[PDB]
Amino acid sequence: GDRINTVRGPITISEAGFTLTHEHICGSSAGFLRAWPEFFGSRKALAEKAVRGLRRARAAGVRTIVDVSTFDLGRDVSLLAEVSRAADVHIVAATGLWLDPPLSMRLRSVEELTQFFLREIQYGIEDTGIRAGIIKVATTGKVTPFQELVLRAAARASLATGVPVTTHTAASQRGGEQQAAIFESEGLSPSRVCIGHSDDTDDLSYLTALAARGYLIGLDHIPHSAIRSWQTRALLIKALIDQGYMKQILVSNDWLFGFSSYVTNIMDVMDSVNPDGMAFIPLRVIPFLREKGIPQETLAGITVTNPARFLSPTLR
């Protein structure tokens, strides 16, 4: 109804505050952090880096983040719980599947995938009793046969629980179009769905058409500009506000503190390019929008009200 499951337990809508809806503590692979923690220096070093990063975002106003790391991104909810407590920042955990499913997942039916997503929402993740509050899915432009099963399983899990769905897309391939078609074929309401990485395109008519159908538009790669400037990506926010779709916007950094599912030392490159980390949205994008004339009430609606409406489990 109006309670959201976090890694520390359920919270009410009003407790969520300023929420970043697409983030990671650690981008990895299933089993990897526990099998090879020295890849990150140590588990303690990674935890301490994440706590400093969250404590800084908190000092910039952030009160909640949604960690959209799935099973196959190496989600370690025990890590999330530890860092959430030390930082005093709410963390919402995810179920779903990203782009690296192991064989034991790739060979499952849509019915089996539905049961796994439902277990993580309704019973808990692993043996921790921590329940997921969002379902994360991913496709690569043209949806593969397995990715279609994942999206349908995600829709069915969302329909049984009211928990929202958030996606990874290739925006340059207009990948949200095929995602939306599958979701609607399942009877999922677009207001339960965020089409993510949408700021990777300049095609405003693609974004507006999705927003016009009721989808949330995830503009979460603003600090990933590395030819368009981050200011140019951020102007997509103002463009959608001006078209009257302020209610459909979600904003985030898609940041992380460890990253093993990429080449070695990528985290050092990323941190040198965006030293603000997860504080980039509150420290840079929000003042940029206020200076371009966006009023405080609109910015509060995007960063507080929109994520509350999105994360609150709803079947209406």
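The first residue of the shown sequence is 1; numbering continues from there.
- Unmodelled residues of the deposited sequence between neighbouring positions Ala181 and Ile182 number none; the chain is continuous.
- For the pair 265-273 and 24-32, the mean B factor over Cα atoms is greater in 265-273.
- With 229-237 and 160-168 compared on mean CA B-factor from the PDB entry, the stretch scoring higher is 229-237.
- Residue set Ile195, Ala81, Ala138, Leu204: peak C-alpha B-factor at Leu204 (per PDB entry).
- Highest CA B-factor among the listed residues (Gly124, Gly218, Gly133, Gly244): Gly244.
- The entry lists a Cα temperature factor for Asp88 that places it in the highest third of the chain's modelled residues.
- Among all modelled residues in its chain, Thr70 ranks in the lowest third by Cα B-factor.
- Looking at the C-alpha B-factors along this chain, the one for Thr64 belongs to the lowest third.
- When the modelled residues of the chain are ordered by their C-alpha B factor, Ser42 lands in the middle third.
- When the CA B factors of the chain's modelled residues are split into thirds, the value for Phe288 lands in the highest one.
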